[PDB]
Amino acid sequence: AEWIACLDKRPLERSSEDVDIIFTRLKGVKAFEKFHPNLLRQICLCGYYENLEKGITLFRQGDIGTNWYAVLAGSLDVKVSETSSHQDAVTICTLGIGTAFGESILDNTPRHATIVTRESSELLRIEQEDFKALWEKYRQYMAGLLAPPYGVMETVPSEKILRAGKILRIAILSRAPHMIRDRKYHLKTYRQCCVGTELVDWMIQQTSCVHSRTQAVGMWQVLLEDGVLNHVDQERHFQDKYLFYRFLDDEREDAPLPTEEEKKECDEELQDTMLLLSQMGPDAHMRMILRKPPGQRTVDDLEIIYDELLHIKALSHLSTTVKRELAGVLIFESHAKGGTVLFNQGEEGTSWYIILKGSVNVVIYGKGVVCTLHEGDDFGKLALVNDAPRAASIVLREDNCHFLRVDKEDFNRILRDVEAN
């Protein structure tokens, strides 16, 4: 609440002291995590703070705009009308925490849409003049965030996960050496690998009971999806079964040994590693489960899914019992190539989408890109209660986008199923 007072101060009277407090609060904004320190600094020096209650119209389709924004909290509905009356505006999508919008002020272009707060919200705003100055001075650090024509239409293991893989392999080679070895299966020999069930066994017994095998599976998956732990053949998902997996370091015949320094390192630096995977586990697990058809999920899968839906803000306007039923019906879909068209304006639709990873461009004929959506954002909700065709097109803005999808047939079945009480 301190940063708010800093932003509520005049720009010219802001000490680099204030700038530091505002900076800290803003460094975490999804749309900012890719900003050059100096850029995010300028913003802290010229930006303002707005707190809006639900139901307020920030601005209207057809007007000349005055500010650029970043959602700090709450969410907003983007509405567009095909007529001349705002009465005919339908909600196209919803913007959430971390998303920015309003860049059409750069060339004085009239707003393509009407934005209405959907709930109590907090925004960071930058006025026209300032924003234009910033854009000219930090363009290359923005061309990936802004919709065309101000930005562009579109745009191996991790480093942390690659370290956890290292740290576990040594703890296993240290405490349970017998776990990594050549294994004979069917007149064939698999070199230096581990066994699914035994990895789970070992994870549970190490620090923290981890409470369950399922939890363990999610945590190992975190490594297998990032490529540090791979199924001896190719499988994309980790299974608590008699299947062989291999760590990266064991990819070559000859391999170095944890030369004490590491062991000393692993020793101390292992505890947090488990806690880290523990945190990152539930997600990886859900995306592995949702790949199973609605009728092939165990009582346990649905719980793992449910647990995670509770963290999805786009679903916070739904009853617990409703979200419970949703786990057995949710659909998951990813697309590897940017430029891919999820659906086009004019097509029938019956699906509501929520973004898990990536971003998309919302295109409306004759106008172009009216706004870009990111993680946490959702679109197509109108298709769950209305038969009108898609009022816009959705195009992937980058590679490897993940989505959560809810279809109208399944949503209604649930809504009435819950009327049975």
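Residue numbers here begin at 1 and follow the sequence given.
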Can you count the deposited residues that have no coordinates between residue 155 and residue 156 and report it as none, 1 to 3, 4 to 9, or 10 or more? 10 or more
Looking at the deposited entry, does 205-213 or 344-352 carry the larger mean Cα B-factor? 205-213
For the higher mean C-alpha B factor in the entry, choose 100-108 or 318-326. 318-326
Say you rank 119, 88, 127, 267 by Cα B-factor from the PDB entry; which sits at the top? 267
Highest CA B factor of 78, 164, 312, 219, as deposited, is found at 164
Lowest, middle or highest third - CA B-factor, residue 404: lowest
Tell me, lowest, middle or highest third: where does the Cα B factor of residue 39 rank within its chain? highest
Place residue 286 in the lowest, middle or highest third of its chain's C-alpha B-factors, as listed in the PDB entry. middle
B-factor third for the C-alpha atom of residue 54 within its chain: middle
Among all modelled residues of this chain, ranked by Cα B factor, put residue 172 in the bottom, middle or top third, i.e. lowest, middle or highest. highest
